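Okay, work_6.pdb now, which holds PDB, C-alpha atoms:
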ATOM      1  CA  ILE A 345       3.217 -48.160 -47.382  1.00  0.00           C
ATOM      2  CA  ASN A 346      -0.343 -46.956 -47.949  1.00  0.00           C
ATOM      3  CA  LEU A 347      -1.908 -44.222 -45.858  1.00  0.00           C
ATOM      4  CA  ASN A 348      -5.591 -43.950 -44.992  1.00  0.00           C
ATOM      5  CA  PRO A 349      -7.178 -40.494 -45.398  1.00  0.00           C
ATOM      6  CA  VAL A 350      -9.504 -40.968 -42.387  1.00  0.00           C
ATOM      7  CA  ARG A 351      -6.714 -41.708 -39.854  1.00  0.00           C
ATOM      8  CA  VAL A 352      -4.641 -38.614 -40.735  1.00  0.00           C
ATOM      9  CA  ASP A 353      -7.557 -36.217 -40.504  1.00  0.00           C
ATOM     10  CA  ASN A 354      -8.140 -37.277 -36.919  1.00  0.00           C
ATOM     11  CA  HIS A 355      -4.548 -36.643 -35.892  1.00  0.00           C
ATOM     12  CA  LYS A 356      -4.426 -33.266 -37.624  1.00  0.00           C
ATOM     13  CA  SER A 357      -7.700 -32.182 -36.009  1.00  0.00           C
ATOM     14  CA  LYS A 358      -6.601 -33.048 -32.488  1.00  0.00           C
ATOM     15  CA  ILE A 359      -3.246 -31.278 -32.851  1.00  0.00           C
ATOM     16  CA  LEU A 360      -4.818 -28.047 -33.958  1.00  0.00           C
ATOM     17  CA  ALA A 361      -7.977 -28.122 -31.806  1.00  0.00           C
ATOM     18  CA  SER A 362      -5.857 -28.061 -28.636  1.00  0.00           C
ATOM     19  CA  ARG A 363      -4.544 -24.658 -29.700  1.00  0.00           C
ATOM     20  CA  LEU A 364      -8.039 -23.159 -29.572  1.00  0.00           C
ATOM     21  CA  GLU A 365      -8.418 -24.242 -25.981  1.00  0.00           C
ATOM     22  CA  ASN A 366      -5.510 -22.100 -24.882  1.00  0.00           C
ATOM     23  CA  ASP A 367      -6.603 -19.021 -26.768  1.00  0.00           C
ATOM     24  CA  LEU A 368      -9.915 -19.272 -24.900  1.00  0.00           C
ATOM     25  CA  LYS A 369      -8.315 -19.732 -21.445  1.00  0.00           C
ATOM     26  CA  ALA A 370      -6.286 -16.549 -22.081  1.00  0.00           C
ATOM     27  CA  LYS A 371      -9.489 -14.478 -22.009  1.00  0.00           C
ATOM     28  CA  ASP A 372      -9.984 -14.679 -18.209  1.00  0.00           C
ATOM     29  CA  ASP A 373      -6.693 -13.810 -16.502  1.00  0.00           C
ATOM     30  CA  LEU A 374      -6.326 -10.190 -17.512  1.00  0.00           C
ATOM     31  CA  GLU A 375      -5.393  -8.277 -14.336  1.00  0.00           C
ATOM     32  CA  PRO A 376      -3.111  -8.164 -11.196  1.00  0.00           C
ATOM     33  CA  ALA A 377      -4.254  -8.176  -7.574  1.00  0.00           C
ATOM     34  CA  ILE A 378      -4.396  -5.085  -5.339  1.00  0.00           C
ATOM     35  CA  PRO A 379      -3.926  -5.439  -1.513  1.00  0.00           C
ATOM     36  CA  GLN A 380      -7.133  -4.654   0.447  1.00  0.00           C
ATOM     37  CA  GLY A 381      -7.481  -3.126   3.924  1.00  0.00           C
ATOM     38  CA  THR A 382     -10.175  -2.521   6.537  1.00  0.00           C
ATOM     39  CA  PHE A 383     -11.913   0.539   7.877  1.00  0.00           C
ATOM     40  CA  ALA A 384     -12.067   1.656  11.478  1.00  0.00           C
ATOM     41  CA  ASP A 385     -12.441   5.374  12.439  1.00  0.00           C
ATOM     42  CA  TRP A 386      -8.714   5.950  12.940  1.00  0.00           C
ATOM     43  CA  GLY A 387      -9.399   9.292  14.715  1.00  0.00           C
ATOM     44  CA  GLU A 388     -11.232   7.906  17.778  1.00  0.00           C
ATOM     45  CA  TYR A 389      -9.990   9.681  20.925  1.00  0.00           C
ATOM     46  CA  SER A 390     -10.511   9.221  24.676  1.00  0.00           C
ATOM     47  CA  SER A 391      -9.834  11.921  27.279  1.00  0.00           C
ATOM     48  CA  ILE A 392      -6.703  11.719  29.432  1.00  0.00           C
ATOM     49  CA  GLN A 393      -8.828  12.586  32.434  1.00  0.00           C
TER      50      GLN A 393
ATOM     51  CA  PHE B 101      10.051  34.773  25.533  1.00  0.00           C
ATOM     52  CA  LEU B 102      11.013  31.206  24.664  1.00  0.00           C
ATOM     53  CA  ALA B 103      14.650  32.163  24.140  1.00  0.00           C
ATOM     54  CA  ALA B 104      14.819  34.189  27.378  1.00  0.00           C
ATOM     55  CA  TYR B 105      13.637  31.343  29.584  1.00  0.00           C
ATOM     56  CA  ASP B 106      15.404  28.501  27.835  1.00  0.00           C
ATOM     57  CA  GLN B 107      17.420  26.801  30.564  1.00  0.00           C
ATOM     58  CA  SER B 108      16.904  29.682  32.996  1.00  0.00           C
ATOM     59  CA  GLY B 109      15.143  27.704  35.714  1.00  0.00           C
ATOM     60  CA  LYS B 110      12.661  30.554  36.208  1.00  0.00           C
ATOM     61  CA  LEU B 111       9.191  29.579  34.908  1.00  0.00           C
ATOM     62  CA  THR B 112       6.093  29.109  37.011  1.00  0.00           C
ATOM     63  CA  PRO B 113       5.155  25.390  37.213  1.00  0.00           C
ATOM     64  CA  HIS B 114       1.939  25.505  35.172  1.00  0.00           C
ATOM     65  CA  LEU B 115       3.845  26.849  32.183  1.00  0.00           C
ATOM     66  CA  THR B 116       6.750  24.489  32.792  1.00  0.00           C
ATOM     67  CA  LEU B 117       4.479  21.495  32.159  1.00  0.00           C
ATOM     68  CA  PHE B 118       2.752  23.039  29.149  1.00  0.00           C
ATOM     69  CA  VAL B 119       5.992  23.889  27.365  1.00  0.00           C
ATOM     70  CA  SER B 120       7.662  20.580  28.209  1.00  0.00           C
ATOM     71  CA  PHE B 121       4.643  18.797  26.698  1.00  0.00           C
ATOM     72  CA  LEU B 122       4.901  20.849  23.509  1.00  0.00           C
ATOM     73  CA  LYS B 123       8.580  19.950  23.189  1.00  0.00           C
ATOM     74  CA  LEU B 124       7.841  16.218  23.559  1.00  0.00           C
ATOM     75  CA  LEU B 125       5.347  16.447  20.673  1.00  0.00           C
ATOM     76  CA  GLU B 126       8.100  17.322  18.185  1.00  0.00           C
ATOM     77  CA  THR B 127       8.825  13.605  17.786  1.00  0.00           C
ATOM     78  CA  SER B 128       5.236  13.094  16.652  1.00  0.00           C
ATOM     79  CA  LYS B 129       5.616  15.768  14.006  1.00  0.00           C
ATOM     80  CA  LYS B 130       8.660  13.932  12.645  1.00  0.00           C
ATOM     81  CA  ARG B 131       6.774  10.645  12.252  1.00  0.00           C
ATOM     82  CA  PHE B 132       3.547  12.225  10.993  1.00  0.00           C
ATOM     83  CA  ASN B 133       5.195  14.153   8.175  1.00  0.00           C
ATOM     84  CA  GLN B 134       6.643  10.975   6.627  1.00  0.00           C
ATOM     85  CA  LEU B 135       3.181   9.902   5.474  1.00  0.00           C
ATOM     86  CA  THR B 136       3.509  11.665   2.112  1.00  0.00           C
ATOM     87  CA  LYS B 137       6.510   9.518   1.187  1.00  0.00           C
ATOM     88  CA  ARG B 138       4.884   6.287   2.365  1.00  0.00           C
ATOM     89  CA  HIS B 139       1.832   7.130   0.268  1.00  0.00           C
ATOM     90  CA  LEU B 140       3.862   7.748  -2.901  1.00  0.00           C
ATOM     91  CA  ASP B 141       5.967   4.591  -2.532  1.00  0.00           C
ATOM     92  CA  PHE B 142       2.856   2.490  -1.946  1.00  0.00           C
ATOM     93  CA  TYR B 143       1.242   3.676  -5.162  1.00  0.00           C
ATOM     94  CA  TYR B 144       4.275   3.151  -7.401  1.00  0.00           C
ATOM     95  CA  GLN B 145       5.432  -0.151  -5.871  1.00  0.00           C
ATOM     96  CA  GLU B 146       2.324  -1.982  -4.662  1.00  0.00           C
ATOM     97  CA  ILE B 147      -0.435  -0.644  -6.903  1.00  0.00           C
ATOM     98  CA  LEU B 148       1.500  -0.208 -10.140  1.00  0.00           C
ATOM     99  CA  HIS B 149       4.040  -3.005  -9.357  1.00  0.00           C
ATOM    100  CA  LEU B 150       7.077  -1.058 -10.587  1.00  0.00           C
TER     101      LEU B 150
END
Could the structure of this file be written out as structure tokens, please?
Amino acid sequence: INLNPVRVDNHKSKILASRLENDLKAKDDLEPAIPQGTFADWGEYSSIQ
Amino acid sequence: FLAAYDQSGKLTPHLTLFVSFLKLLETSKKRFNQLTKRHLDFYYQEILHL
């Protein structure tokens, strides 16, 4: 059977181009989360009187 | 002084309240001084995820 040069190039291109997409996505997710609290003058005191 | 009157039944009432209050506070000291451990564990386990 005879193979067309144009048809093969398209398949090869798609297979490899999809690898670039993942290398790019990898550039954003570079760090873990840290739990965050609030702030509220924990030392406030009222007289027992 | 504190040893001499411990369980004697002989203190004047204004000192009886003051000393009894100070003895009750020892349970607060026990809880308060555990903060240094809670702080260390937080850093190694929740900040550094180890």
For residue 106 in chain B, please output as an NGL selection string all residues within 12 Å (counting all atoms listed in the file; exclusion window: fewer than 2 positions along the same chain).
:B and (101-104 or 108-111 or 116 or 119-120 or 123)
Chain B contacts to chain A at 12 Å (all atoms listed in the file) as a list in words
residues 142, 143, 145, 146, 147, 148 and 149 of chain B
Enter the distance from CA of residue 132 in chain B to CA of residue 384 in chain A, in Å, rounded to one decimal.
18.9 Å
Quick one: 6 Å padding each side, axis-aligned, all listed atoms of range 363-380 of chain A - centre and edge lengths in Å to one decimal, as AutoDock Vina command-line options?
--center_x -6.5 --center_y -14.7 --center_z -14.6 --size_x 18.9 --size_y 32.0 --size_z 42.1
Please indicate the distance in Å from CA of residue 383 in chain A to CA of residue 126 in chain B, rounded to one decimal place.
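Calculated distance between CA of residue 383 in chain A and CA of residue 126 in chain B is 28.1 Å.
Here CA of residue 133 in chain B stands at a distance of 29.5 Å from CA of residue 114 in chain B.
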